[PDB]
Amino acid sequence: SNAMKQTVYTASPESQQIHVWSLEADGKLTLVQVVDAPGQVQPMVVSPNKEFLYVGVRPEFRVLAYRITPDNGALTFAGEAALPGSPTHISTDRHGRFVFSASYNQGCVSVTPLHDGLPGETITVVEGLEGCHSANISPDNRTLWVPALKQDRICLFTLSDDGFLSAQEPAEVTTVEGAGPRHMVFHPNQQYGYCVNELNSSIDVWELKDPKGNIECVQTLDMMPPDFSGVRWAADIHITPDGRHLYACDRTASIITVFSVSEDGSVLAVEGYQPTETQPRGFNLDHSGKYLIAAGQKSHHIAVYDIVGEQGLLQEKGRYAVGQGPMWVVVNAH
């Protein structure tokens, strides 16, 4: 048993709801709360100190702060701040002092300061990042990695102590033409990053510091079955905290591709394909890495899977109704 007590948060923008579930060590979910958001909530992130759930809402572009009740993970609206564009992805720095928002439509990444955990007036906005789709702080907290999907690049910005962003040298790393870099995760060992490319459903493995001190792409892998000929539409990517397994999903095929991760994190290998909730845009892993929770944007349900064996293949355990068009999942241990 993972001996953990956890909460699962899901975003259902088409019904303007956030669902809160208690997740027991045995994988069973129980509904804790349903929140009516003041608009369509899409991205969500738990603060590093676990006091808040920060979420992105439209059409009144904002990051909303919901205070988390420690015992059961329930939410209470606590504050908000305006954003310069519709939030596509939300995250924080390693120390929970800033919220980063990537806006696809406004092609920008912005920084929101936190004061006693509450979001304040935007302190900077970096525009000109067409298709800006995520902002991902490096393991060492110095560099914000920002996929610009329509520019086939991941922009690299130094984050100052005061929350400002400015281009590094080099200012970016590039993907193959038309790949459409979207979401990424870093290996727990802090040495590699993994980016899922939407438009060609591929995963790029990025070495963060090679012997010359440079960032290099050291592997590119197709996440689709060899017999796939449809429209590639990849979405999310997550790695288990034990570093053994990596998962990515495609919205057209409605699959989660299962990858093994070499011991040093430098090599991925496809282990299998798991049919999942229809049109999976968002999923996540629990804090133990024993469970994967996937949302179906066209199923209106989440599915809980056991992660099993040395390959990390998935075995469905349960299925739960959420709101309409669920597309974001996060899990908090407490």
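We number the residues from 1 along the sequence you see.
- Between the stretches 88 to 96 and 205 to 213, it is 205 to 213 that shows the larger average CA temperature factor.
- The question of which stretch, 65 to 73 or 263 to 271, has the higher mean Cα B factor is settled in favour of 263 to 271.
- Out of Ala235, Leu159, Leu118, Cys132, it is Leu118 whose C-alpha atom has the highest B-factor in the PDB entry.
- Set against one another, the Cα B-factors of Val146, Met224, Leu246, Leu165 in the record reach their highest point at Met224.
- Sort the modelled residues of the chain by CA B factor and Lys317 lands in the highest third.
- When the CA B factors of the chain's modelled residues are split into thirds, the value for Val308 lands in the highest one.
- In the deposited entry, the Cα temperature factor of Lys298 places it in the highest third of its chain's modelled residues.
- In this PDB entry, the Cα temperature factor of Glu51 sits in the top third of its chain's modelled residues, the highest group.
- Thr112 sits in the middle third of its chain by CA B factor, as recorded in the PDB entry.
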